[PDB]
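Asks: 3D model of this:
(chains A, B, C, D and E, ligands or ions: 15)
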Amino acid sequence: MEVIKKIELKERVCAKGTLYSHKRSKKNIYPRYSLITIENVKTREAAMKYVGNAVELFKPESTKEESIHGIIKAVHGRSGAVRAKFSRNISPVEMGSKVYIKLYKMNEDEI
Amino acid sequence: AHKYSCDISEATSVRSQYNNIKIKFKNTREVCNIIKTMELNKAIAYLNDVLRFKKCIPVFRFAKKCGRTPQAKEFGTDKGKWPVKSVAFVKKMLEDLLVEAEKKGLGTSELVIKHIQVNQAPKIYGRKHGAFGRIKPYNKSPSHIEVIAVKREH
Amino acid sequence: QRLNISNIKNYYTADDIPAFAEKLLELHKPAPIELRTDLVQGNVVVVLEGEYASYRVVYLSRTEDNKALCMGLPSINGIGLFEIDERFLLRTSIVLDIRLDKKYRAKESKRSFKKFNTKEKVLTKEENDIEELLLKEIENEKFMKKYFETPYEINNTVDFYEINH
Amino acid sequence: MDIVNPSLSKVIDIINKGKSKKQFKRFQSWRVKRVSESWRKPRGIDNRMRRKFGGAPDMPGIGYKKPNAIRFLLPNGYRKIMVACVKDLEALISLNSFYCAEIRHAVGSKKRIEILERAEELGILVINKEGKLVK
RNA sequence: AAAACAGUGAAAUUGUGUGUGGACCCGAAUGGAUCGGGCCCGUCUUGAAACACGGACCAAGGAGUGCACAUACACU
Ligand SMILES: [K+]
Ligand SMILES: [K+]
Ligand SMILES: [K+]
Ligand SMILES: [K+]
Ligand SMILES: [K+]
Ligand SMILES: [K+]
Ligand SMILES: [K+]
Ligand SMILES: [K+]
Ligand SMILES: [K+]
Ligand SMILES: [Mg+2]
Ligand SMILES: [Mg+2]
Ligand SMILES: [Mg+2]
Ligand SMILES: [Mg+2]
Ligand SMILES: [Mg+2]
Ligand SMILES: [Mg+2]
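Replies: Numbering: from 1, shown residues only, chains lettered A, B, ... in the order given. Ligands and ions are numbered 1, 2, ... in the order given. I have put the structure below:
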C-alpha cells in the first residue's frame, strides 16, 4: 500500500510542524498566508535559518490531490513561529494538521 | 392522448389515468404516498383493512392537529386516519389494473406499483352567508390521478 | 465603408497589441536558479526526494544545468544510476577517490511518483563497470559496506541546523 | 473549437486566467422575486450599501475597468465582427490579423453554405462555423 | 359591466423524480467537520434595527406635459 510507504519515506527525512492559524488581526483574516510552529525551534534567531525552505501538506484521504506544496516566507513574532504560502488557500477544516519541512530551498515562483 | 409524467416501456407495464374526479386532493395524496413501491396484491389487501377500521393511513405532510392512534406504530409514527371515500376510489382503480394485466398476458403476480401521482384540478365555486350581511367562499377541491405498475425482473 | 466595420471595429487600434504582449511575457518569465559549488566528485550524499529518498549514494557529475548524476550500489543497496535536481541532495563530509572515464546519462527521479519499482531490475555494462570501481574503494574500509545499507534518519529531539554532516 | 490568434499564442492563458468573475447583483434581489438582478444604484437615506459599511457588497465603478489593450478580446485572442452577407466578409480582408467573423442568427442554411465557402478562400476565421449546419 | 384568434403559452403557486442544505447575502476554501464580516427595506427627521408609519405573493397599467407673453444662453 503506497500511502503507508510514502509516509515512512517522509518521516525519515523532514522536520515536523503544525498549522494553527491564518494571518489575522483582532477582526479580519488574510487567508493567503498561514502560520506554522516547528518542533524544537524557539527563538526568532533560530527560526531565521528556515526562511526559504519548502513545505508539504500530505493528505491521503483526499480524492482530488494527495499533496499541496508551499514555501516559508518570513519569521512571525519572538518565539520561533513562521509564515508560509501554498499553491492553494488552506481551508479552516485543515487547521491543527501536521506539516513537513523539507530541508532544501526553492524560489517563490515554483511553489 | 396523455403524457404520463415519467418514461417506462409499454411492454411489461400497465397504466391508467383519470381527470377531475371529485375526491378531495389533500386526502388522496396521503393515501397514494403509502402504497408506492408496494406489490399490487399487498396493496389491495391493505386497503380492504382500512375500510374495516382494522388498519390506518399514516399522515406526514397534511397532518396538523390530527389524532394519535395505535395502528400508526406499523409505520413508526403516532398519527393516522381513515379516509373512506378516497380509499374506495383507489381500490377500484387498482383492481381494474389486474384485469388489464391478466388480459395483456403478464402474470397476476410480481407486479409492483412503480409510479403514482396526484395533481390539483380547478376549483368548483360555492358560497355561505355570514353575520353582519357578509358572504364568504365555500369551494370544492377535486383531483387528477395517474398509476403505472411494472413486472419485477427478480 | 460597410456599416459593420465603421462601428464595431472602431473600439481599438489592435495594431498596438504586439508591444503589450512582449512586456507581459517579460514580467511573468521565471527567475534564475543558481548552480551550487559545494559538491566534489565522489562526495557521498543523501537523497531527499522521490522513490529513492533516505538512501546514501555517490555523486558523479553535473549534467544539464541543475541536473546531477548519481550512483547507488546495485549489490549493496540495489539503487542503480540516475539523475536528479542538485538541490534534492544533502551533503556529507565523506569523499571517495573515484574518477570516471566518460560521460553517461540516465532517467530522471521526479518529485511526484505513483508506484514503486519492486521488480524488473537489470544492469548495463556501464552500471557494472562503475559499481566494480566504487566497490574497490568500499571493500577496504571498516564498516563502510553496512553504512550504505541502513537508511538515514533525522534526529527528532534537536533542531536540524545544530547537527553536523 | 481549439484555435488561437498566432500573435498572442504564448500569452493567451495568462490573459484568460487574469479575467475577473465578479458579479454586481442589485441589492436585496435575493430577498424578493419582484426585484431583478440588473444593477441599479441605491439612493435611500439609511441604505447600508450606499454608505459603504464593512460587510455590505461592493458597488461598480471606474477602478474595475480593464486595460485598453486586453478589452473586448474573445478567449481565442480575436475581436468579433457581425456578418449577414457575402459582401460583408470583403470588409475584413485588411483586418484578418486581429478580427474574426460571427454570422448573425437569422441567416438560414442555404445562405450559410455560401458564406463559409467564401470564408475558406479569403482566409477568414468564422466562430459559429458548425452552427445549425451540423445535420 | 365583462367577454377577440377553438395561435404562442411567462411569473406567482402545486405534485413526482434527482441532487444540495437548515433564514439568507458578501469574502476564502476542504475528502470532511466550516472560518471571518454583515440588524429590514422605503420615508419624514438633530437622530431609525427600532416598542415610529407603509409593505402577504406575482403579472400588467401607473406621475414635470401642451399653448400664450416677456427673458438669458448655444446654434443659423
Ligand atoms: K406544501
Ligand atoms: K462576468
Ligand atoms: K438618516
Ligand atoms: K484598474
Ligand atoms: K388564445
Ligand atoms: K394553448
Ligand atoms: K414618512
Ligand atoms: K425602543
Ligand atoms: K404619519
Ligand atoms: Mg385533533
Ligand atoms: Mg353563521
Ligand atoms: Mg341582512
Ligand atoms: Mg422627534
Ligand atoms: Mg401593514
Ligand atoms: Mg410596466
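
Asks: could you say what helices and strands the biggest helix by length in chain B packs with?
Replies: Secondary structure of chain B per DSSP state H: the longest helix is helix B:84-104. Other elements packing on helix B:84-104 under the criterion 3 or more Cβ pairs under 8 Å, 6 or more residues apart in numbering or on different chains; DSSP states H and E are strand B:13-18, helix B:25-35, helix B:40-51, strand B:111-120, strand B:143-151. Just so you know, the C-beta spots here come from the backbone N, C-alpha and C atoms, and that holds for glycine as well.

Asks: and of the ones you listed, who's closest to chain C?
Replies: strand B:111-120 (45.3 Å; Cβ to the nearest Cβ).

Asks: ok, the helix or strand following the closest one: who's next to it in the sheet?
Replies: The first helix or strand that comes after strand B:111-120 along the chain, using DSSP states H and E, is strand B:127-129. Its sheet considered, strand B:127-129 pairs with strand B:135-137 (antiparallel) by DSSP bridges.

Asks: gap between the strand it pairs with and the chain center?
Replies: 30 Å (Cα atoms, centre = their mean, to the nearest Å).

Asks: do the same with stretch A:20-28
Replies: The mean C-alpha position of stretch A:20-28 is separated from the chain mean by 16 Å, Cα atoms, centre = their mean.

Asks: Span of that stretch from start to end?
Replies: 16 Å (Cα to Cα, to the nearest Å).

Asks: what's in contact with it?
Replies: A:29-37, A:83, A:90, A:95-96 (Cβ atoms under 8 Å, 6 or more residues apart in numbering or on different chains).

Asks: Show me which of those is closest to chain D.
Replies: Closest to chain D, out of all of the contacts of stretch A:20-28 and judged by Cβ to the nearest Cβ, is residue A:29, at 13.3 Å.

Asks: Does the closest residue to the closest one other than its chain neighbours lie in a helix or a strand, and which?
Replies: Leaving aside its sequence neighbours, residue A:29 sits nearest to residue A:22 (Cβ to Cβ, 6 or more residues apart in numbering or on different chains; 4.9 Å). Per DSSP H and E, residue A:22 falls inside strand A:15-24.

Asks: buried ones in that strand?
Replies: A:15-17, A:19, A:22 (16 or more other Cβ atoms under 10 Å in any protein chain shown).

Asks: what's the answer for stretch A:50-67, then?
Replies: Going by 16+ other Cβ under 10 Å, stretch A:50-67 has these buried residues: A:50, A:53-58, A:67.

Asks: on that earlier part again, bridging residues for the residue nearest to residue A:29?
Replies: Taking DSSP bridges as the rule, residue A:22 bridges to residue A:34.

Asks: separation between it and residue A:30?
Replies: 6 Å (Cβ to Cβ, to the nearest Å).

Asks: Next: residue D:130.
Replies: Applying Cβ to Cβ to residue D:130 and residue A:30 gives a distance of 46 Å.

Asks: try residue B:16
Replies: Residue B:16 is 65 Å from residue A:30, by Cβ to Cβ.

Asks: The two - which one has more neighbours?
Replies: residue B:16 (14 against 10; other Cβ atoms under 10 Å in any protein chain shown).

Asks: ok, now which ones touch the more buried one?
Replies: Going by Cβ under 8 Å, 6+ apart, residue B:16 touches B:93, B:96-97, B:100, B:146-147.

Asks: Same list (the residues you listed) but as CSV, adding neighbour count.
Replies: Shown next, in CSV, are the contacts of residue B:16 (neighbours: other Cβ atoms under 10 Å in any protein chain shown):
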residue, neighbour count
B:93, 16
B:96, 13
B:97, 20
B:100, 13
B:146, 18
B:147, 23
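
Asks: neighbours around residue D:5, how many?
Replies: If we define neighbours as other Cβ under 10 Å, then residue D:5 has 21 of them.

Asks: Can you tell me which residues in chain C are near chain A?
Replies: C:30-31, C:33, C:48-49, C:53-54, C:87-88, C:90, C:114-116, C:151-154, C:156-161 (Cβ under 8 Å from any Cβ of the partner chain).

Asks: And those, which of them are buried?
Replies: The neighbour count (16+ other Cβ under 10 Å) marks C:33, C:48-49, C:53-54, C:87-88, C:90, C:152, C:154, C:159-160 as buried among these.

Asks: Check these and tell me the two furthest apart.
Replies: Greatest spatial distance among those (Cβ to Cβ): C:33 and C:159, at 26.6 Å.

Asks: any residues touching the top helix by length along chain D, and which ones?
Replies: In chain D, taking DSSP H as the definition, the longest helix is helix D:109-122. The contact list for helix D:109-122 (Cβ under 8 Å, 6+ apart) reads D:83, D:85-86, D:89, D:92-93, D:96, D:101, D:103, D:107, D:125-126, D:129, D:131-133.

Asks: What about chain C: which of these touch it?
Replies: Okay, of the contacts of helix D:109-122 touching chain C (Cβ under 8 Å from any Cβ), that's D:83, D:92.

Asks: how far away is residue A:51 from residue C:163?
Replies: To residue C:163, residue A:51 is 19 Å away according to Cβ to Cβ.

Asks: Across the sheet, point out what pairs with residue A:16.
Replies: Residues in a beta bridge with residue A:16, per DSSP bridges, are residue A:100.

Asks: what about the helices in chain A?
Replies: Under DSSP H, chain A gives helices at A:2-11, A:44-47.

Asks: May I see the buried residues of stretch A:86-94?
Replies: Quick answer for stretch A:86-94 (16+ other Cβ under 10 Å): A:86, A:90.

Asks: Is there proximity between it and chain D?
Replies: No: Stretch A:86-94 stays clear of chain D (Cβ under 8 Å from any Cβ), getting no nearer than 14.0 Å.

Asks: Quick check, the residue in chain C closest to RNA strand E?
Replies: residue C:112 (15.5 Å; Cβ to the nearest atom of the strand).

Asks: and that residue, what helix or strand is that in?
Replies: Per DSSP H and E, there is no helix or strand for residue C:112.

Asks: how far away is it from residue C:155?
Replies: Applying Cβ to Cβ to residue C:112 and residue C:155 gives a distance of 28 Å.

Asks: What of residue B:114?
Replies: 68 Å.

Asks: Equivalent analysis for residue A:6, please.
Replies: For residue A:6, the distance to residue C:155 - Cβ to Cβ - is 22 Å.

Asks: what about those two, which has more around it?
Replies: The neighbour comparison of residue A:6 against residue C:155 (other Cβ under 10 Å) goes to residue A:6, with 17 against 10.

Asks: and the longest helix of chain B, anywhere near RNA strand E?
Replies: No: using Cβ under 7 Å from any atom of the strand, helix B:84-104 never reaches RNA strand E; the gap is at least 14.3 Å.

Asks: Give me the buried positions along that helix.
Replies: B:86-87, B:89-91, B:93-94, B:97-98, B:101.

Asks: who in chain C is up against chain D?
Replies: Counting by Cβ under 8 Å from any Cβ, the residues of chain C that sit close to chain D are C:1-2, C:4-5, C:8-9, C:11-12, C:14-18, C:20-21, C:24-25, C:28.

Asks: Out of those residues, which end up buried?
Replies: C:4-5, C:9, C:12, C:14, C:17, C:20-21, C:24.

Asks: So which of the residues you listed sit within helices?
Replies: C:17, C:20-21, C:24.

Asks: from these, which single one is nearest residue B:49?
Replies: The closest of these, once distances to residue B:49 are taken by Cβ to Cβ, is residue C:24, at 78.9 Å.

Asks: wait, what's in contact with residue C:35?
Replies: C:62, C:65-66, C:86.

Asks: Kindly supply the PyMOL command isolating those of those that are buried.
Replies: Buried residues within those, by 16+ other Cβ under 10 Å, are selected in PyMOL with:
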select buried, chain C and resi 86
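
Asks: Many thanks, we can stop here.
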